[PDB]
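Summary of the model geometry
As a plain string of letters, each chain reads:
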Amino acid sequence: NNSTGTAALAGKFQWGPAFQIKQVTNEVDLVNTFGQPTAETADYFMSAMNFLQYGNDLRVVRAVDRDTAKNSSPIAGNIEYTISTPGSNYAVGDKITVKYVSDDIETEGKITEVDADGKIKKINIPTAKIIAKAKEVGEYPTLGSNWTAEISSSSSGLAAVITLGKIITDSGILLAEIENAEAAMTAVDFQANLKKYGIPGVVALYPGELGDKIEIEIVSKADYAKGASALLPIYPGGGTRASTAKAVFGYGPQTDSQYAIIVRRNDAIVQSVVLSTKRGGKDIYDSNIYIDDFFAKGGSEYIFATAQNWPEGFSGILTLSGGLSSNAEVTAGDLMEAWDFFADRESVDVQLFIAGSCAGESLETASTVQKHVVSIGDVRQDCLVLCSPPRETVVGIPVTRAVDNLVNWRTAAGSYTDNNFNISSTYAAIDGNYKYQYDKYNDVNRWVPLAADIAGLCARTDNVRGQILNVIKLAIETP
């Protein structure tokens, strides 16, 4: 395609997919997918963006901390609680009351599952009011000490003991690759709470606080006819809200194990589908609409779900929260794990390697990541690993000091003996100052690794050096 200028980029982004070789072609198409540049993301958004200027195709891989990244979920609003002593002779809509020091805060809780003897098996306490009061008095999400829960005064039956913990802030789920896809959606620990708080397994598709803006609306074949009147409840916040299902769908839920799903971000009805919890079942087109499969195959850009522990006849409003992409602490290695996704010609045909994108990171990682990226093009020898200097070394100081630094770094010598870049590949193209662009998003002038740019400048000229596009200043010039 002029010799198939396929770039390759890996780094931290505001939005997943995490650890996936998702391909990108437009700017407005990468924003859609990994979108705005945060002050922790900048140099990677730019890296891509100002490449797609000379760019046909870009293959990226988002680096997430696997240990602390989180996909927004419906678990992450609820409130710890443990039925210390199941009562007896209780029933199902017996109301529960959460007090703050003998003072009523929430009074809309309610037992929701008993057995034959009235032994309390499951309850549901809305946290809208309490997290409010709790935030308001420093006890968030700690809680516990002055926070108490009693039953109606009273339900038919007696003896019970509910014990309150903290406000759960761990969404309890992270989706990365798809080999693990619903396998994380089906972890004892996760699936556990989906039972405990009687909700379905519906989570945001990509790690990130950006997922908190999603709001699923679920209606079953049951409350679908009453679709207008049916007053869907809101988990975990509380309160209700008139359904909308029949007022958005023509083709309504067919079988009793089919549900209407309406996904919203910012009041926008981002997606609208009908799915089934029973394998095989299809729409009027023999399209397998069994939940687990539908999503298993790029079914939805926004969310991801699993029929497992999906409450029968469940209808309500799910509120995703606790969503948490942490670039906060993506370790250098967490980057190298990512880059590795390209280290075999068997798998990915990628011609160029945007590497300078780490220019800004911890000087150490600035060097050791790239250094390693070179050792991927080296061992594969179907590419160009192009690489740029660390901001530290080139942007602040005057040229006098500037060059001294660069040359020391390229060997060992003075200050950068340790974090050197002392390698020598015929595939290694290093990258020689650092560019000063304007950031149409944050609306600020910003220094970015120049390598990202020249790489697109290659996909161009011949097959894979002529002024660069959007520069407005270079660290050194020229002369």
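Rules of the game
- Residues numbered from 1 in each chain as written, not as in the entry; some residues may be left out.
- Part of a larger assembly, values for the part shown.
- Heavy atoms only, no water.
- UniProt positions renumbered as here; feature names shortened; annotations may be inferred.
- Helix = DSSP H or I, 4+ residues; strand = E, 2+ residues; numbered from the N terminus.
- Buried < 20%, exposed > 50% of the residue type's maximum accessible area, 1.4 Å probe, protein only.
- Areas by Shrake-Rupley, 256 points an atom, 1.4 Å probe, with all protein chains shown as cover.
- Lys, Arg positive; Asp, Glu negative; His and termini not counted.
- Charge placed at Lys NZ, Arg CZ, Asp CG, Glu CD.
- Pairing = 2+ DSSP bridges.
- Axes fitted to C-alpha atoms, helices over the stretch in contact; angles between N-to-C directions.
- Core = buried A, V, L, I, M, F, W, Y, C linked by side-chain atoms within 4.5 Å.
- Domains from an automatic or database assignment.
- Parallel < 35°, antiparallel > 145°, perpendicular 65-115°, else oblique.
- Left-handed = near helix turned anticlockwise from the far one by under 90°.
- Contact = heavy atoms within 4.5 Å.
- Nonpolar A, V, L, I, M, F, W, Y, C, P; charged D, E, K, R; others polar.
- Arc of directions from axis to C-beta.
- Salt bridge = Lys/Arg side-chain N within 4 Å of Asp/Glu carboxyl O.
- Polar contact = N/O pair within 3.5 Å; in protein donor to acceptor, adjacent residues only side chain to side chain.
- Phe/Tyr/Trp six-rings, centres within 6.5 Å; stacked < 30°, edge-to-face > 60°.
- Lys NZ or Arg CZ within 6 Å of the ring centre and 35° of its normal.

Looking up the protein chain in the PDB entry gives the name Tail sheath protein Gp18, with the organism given as Enterobacteria phage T4. Taken directly from UniProt, the Subunit text for the protein chain runs: "Hexamer." Reading the Sequence similarities entry of the UniProt record for the protein chain gives the comment "Belongs to the myoviridae tail sheath protein family."

Each helix and strand counted, the protein chain has 12 helices and 22 strands in total. Taken over the C-alpha atoms alone, the protein chain extends approximately 85 × 55 × 40 Å along its principal axes. The buried share among the 479 residues of the protein chain stands at 51%. Total accessible area computed for the protein chain in this model is approximately 21,000 Å², and 47% of it derives from carbon and sulfur atoms. Positive and negative side-chain charges in the protein chain, numbering 41 and 57 respectively, have mean positions lying 4 Å apart.

What follows is about the sheet that holds strand β7 (residues 120-124). Through backbone hydrogen bonds, the strands of a sheet pair up, either in parallel or in antiparallel fashion. Here four strands make up an open sheet; going across it, the order is β7-β6-β5-β8 and the pairing antiparallel. On the outer flanks of this sheet lie β7 and β8 (147-151), each paired with one strand and no other. Across the sheet, the mean angle separating the axes of adjacent strands is 35° when strand polarity is ignored. Here strand β5 (residues 95-100) pairs with strand β6 (residues 104-114) via four bridges, running antiparallel. By the bridge assignment, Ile96 is partnered in β6 with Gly109.

This next bit is on the nonpolar core. If you look at the biggest cluster of nonpolar residues, it comprises 61 residues, and the most contacted ones within it are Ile123, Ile216, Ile261, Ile303 and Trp310. Shared between two domains, this core holds at least three residues of each, these being domain 2 (68-77 + 169-325) and domain 3 (78-168). Grouped together as the second largest cluster of nonpolar side chains are 57 residues, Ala176, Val350, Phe353 and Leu363 included.

So, about the sheet that holds strand β19 (residues 385-386). Within the open sheet, the three strands sit side by side as β18-β19-β20. Their pairing is parallel. Among the strands making up the open sheet, the edge pair consists of β18 (353-354) and β20 (428-429). Bridge analysis of β18 against β19 gives two bridges, and the strand direction is parallel. Residue pairing for β19: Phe353 is matched across the bridge by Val385.

The next subject is the packing of helix α8 (residues 332-339) against helix α9 (residues 363-380). Axis separation between α8 and α9 bottoms out at 10 Å; the angle between their running directions is 20°. Put simply, α8 runs roughly parallel to α9. Once α8 is placed against α9, the crossing between them reads as right-handed. Note on element contacts: α9 touches α8 through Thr365, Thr368, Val369, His372, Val373 and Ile376, opposite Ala332, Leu335, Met336 and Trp339. Its residues assigned to classes, the contact of α8 with α9 shows seven nonpolar, three polar and no charged.

Let's shift gears to the domain arrangement of the protein chain. Split by domain assignment, the protein chain resolves into domain 1 (1-67 + 326-479), domain 2 (68-77 + 169-325) and domain 3 (78-168). The straight-line distance from the C-alpha centre of domain 1 to that of domain 3 is 52 Å.

The complete set of buried residues in helix α11 (residues 399-409) reads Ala402, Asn405, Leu406 and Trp409. Viewed end-on, α11 has its buried residues packed into an arc of 95°, placing them on one side of the element. Along its buried surface, α11 packs onto α9 and α10 (391-394).

Mapping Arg62 onto the fold places it in strand β3 (residues 57-62). No salt bridge is formed by the buried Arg62; the nearest opposite charge belongs to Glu209, separated by 6.1 Å. There is a polar contact of 3.0 Å between the side chain of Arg62 and the backbone oxygen of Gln14. Engagement of the side chain of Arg62 in a polar contact is seen with the backbone oxygen of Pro207, the distance being 2.8 Å. The contact partners of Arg62, leaving out residues within four places of it in the chain, are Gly11, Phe13, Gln14, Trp15, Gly16, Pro17, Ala18, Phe19, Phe34, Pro207, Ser325 and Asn327.

What follows concerns the side chain of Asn78. Relative to the elements of secondary structure, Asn78 occurs in the loop between β3 and β4 (79-85). Classification of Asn78 as buried rests on a relative accessible area of 3%. The residues contacting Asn78, other than those within four sequence positions of it, are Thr127, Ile167, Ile168, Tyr197, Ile199 and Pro236.

By the definition in use, this model includes 16 aromatic pairs. Judged by centre distance (4.5 Å) and plane angle (5°), the ring pair of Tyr100 and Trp147 falls under stacked. Of this pair, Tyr100 sits in strand β5 while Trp147 sits in strand β8; the two residues are 47 residues apart in sequence, bridging distant segments of the chain. With relative accessibility at 16%, the residue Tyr100 sits in the buried group. Put simply, the rings of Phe13, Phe34 and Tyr44 pair up and form one aromatic cluster. Taking NZ or CZ as reference, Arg66 lies 4.8 Å from the ring centre of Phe19, over its face. Over the ring of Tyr436 we find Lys473; its NZ or CZ atom is 4.6 Å from the centre of that ring.

Let us now look at the pattern of salt bridges. Considering all chains together, one arrives at 17 salt bridges under this definition. Among the ionic pairs, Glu136 bridges to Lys133, the shortest N-O distance being 3.8 Å. A residue pair is termed a helical-turn pair when its members lie 3 or 4 positions apart in one helix, as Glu136 and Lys133 do in helix α3 (residues 128-136) at three residues. Relative accessible area serves as the criterion here: at 56%, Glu136 is assigned to the exposed category. We note a salt bridge from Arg241 to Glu217, for which the minimum N-O separation is 3.0 Å. Placement of the pair is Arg241 in strand β13 (residues 240-242) and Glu217 in strand β11 (residues 214-220), with a sequence separation of 24 residues. Residue classification places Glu217 among the buried positions, given a relative accessible area of 1%. Residues joined in a network through salt bridges with shared partners are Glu215, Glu217, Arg241 and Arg264.

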